[PDB]
Every structure is written in C-alpha cells, then in structure tokens.
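Encoded as structure tokens, the structure appears first; notes follow it.
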Amino acid sequence: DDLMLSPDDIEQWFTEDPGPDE
Amino acid sequence: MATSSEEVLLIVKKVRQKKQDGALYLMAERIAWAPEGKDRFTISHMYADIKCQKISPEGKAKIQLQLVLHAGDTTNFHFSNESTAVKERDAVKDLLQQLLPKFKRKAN
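Line by line, the protein sequences give chains A and B.
Residue numbering for the first sequence is 41 to 62, as defined by full-length UniProt numbering.
Residue numbering for the second sequence is 1 to 108, as defined by full-length UniProt numbering.
Next up, the structure:
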C-alpha cells in the first residue's frame, strides 16, 4: 500500500464467507 | 447506538489494527475497535455493513481476522495477544459468523 498497512503480508485467509451475499 | 448504551459481546485485548495495538470490542449489532488503554473507539462497523469475513491462520508472526465490507473496504484485525490471540480469534469469528446472518440480509 502507501504505508505499512495490513496487506504488507496478508491475503492468506480461509475466507470463511466468500459466497453468500443475501 | 453511538453512545455506550449497548452491551459488549466480546472484549479482545492487544489487538493490533493497522500496526497499532488496541482492543477489539464486539457489540450487540456492531464491531468496534479502540487502542489499548482508550475509551474512545476509533473504528465501528455494523454487522450489516459486512459483506464477507476472512480468517488468517497461525504460522505468521501475526494472526488475523478481517471483514470485507460491501463497500469494498476491508478491515483486517491482528490478534497480537500472545496469550489469547488464537483463542479470541476463534471467539470473534464465531460470534461474527453467528451474528452476520441476523443482520446481513438486503441483497448486498
């Protein structure tokens, strides 16, 4: 990012809810 | 809402959000965060503003739990409490996944 934000080393999740959008 | 007229569901400590240590406070209809030793919450998101939720596993030097909002914004919560990180990471996830279906329902 611009600074040392979370995506400094992050996007290895198990995305508990990556489907339903109701 | 807004004022401290709501009950706290979960109080997580030493939770670093955006590389700053604080505390993660779960509320009846929303999730909020406030730096360690503070009384004024800096972040607040209603469970109805949350589109998706992810969970960062153990193995890293930082454990996380993030909420993907319908607006496209994402709030990743780093549990930096060596004593309760993992345990509270699940407790929050649990409460969130249980509360989400109650507020999340508007075709968005």
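Where a beta carbon is used, it is the ideal one built from N, C-alpha and C, also for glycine.
List, in order along the chain, the chain A residues whose C-beta lies closer than 8 Å to that of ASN108 of chain B? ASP61
For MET27 of chain B, does the count of other Cβ atoms within 10 angstroms reach 16, so buried, or fall short, so exposed? buried
Cα-Cα, which of B:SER4, B:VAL12 and B:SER5 is closest to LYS87 of chain B? B:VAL12
Length of the line joining the Cα atoms of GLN53 of chain B and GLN66 of chain B: 6 Å
Nearest-angstrom Cα distance between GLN52 of chain A and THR74 of chain B? 14 Å
Which residue's Cα is closest to the Cα of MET44 of chain A: B:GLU58, B:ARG16, B:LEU99 and B:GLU29? B:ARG16
According to DSSP, what are the bridge partners of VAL68 of chain B? B:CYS52 and B:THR74
Find the nearest neighbour of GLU29 of chain B within the set B:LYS18, B:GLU6, B:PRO35 and B:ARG40, judged by alpha-carbon distance. B:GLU6
Taking Cβ-Cβ distances shorter than 7 Å, what residues in chain A pair up with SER56 of chain B? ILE50, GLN52 and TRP53
Neighbouring residues, chain B, relative to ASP41 of chain A (Cβ below 9 Å): Within chain B, no residue comes near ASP41 of chain A; the closest Cβ sits about 10 Å away, beyond 9 Å.
Assumed close pair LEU9 of chain B, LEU95 of chain B - CB separation to whole angstroms, cut-off 8 Å: 6 Å
Helix, strand or coil, according to DSSP, for residue 64 of chain A in the structure here? Residue 64 of chain A is absent from the structure shown; chain A starts at 41 and stops at 62.
For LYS51 of chain B, go through chain A and note every residue whose CB falls closer than 7 Å to its CB, in chain order. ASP61
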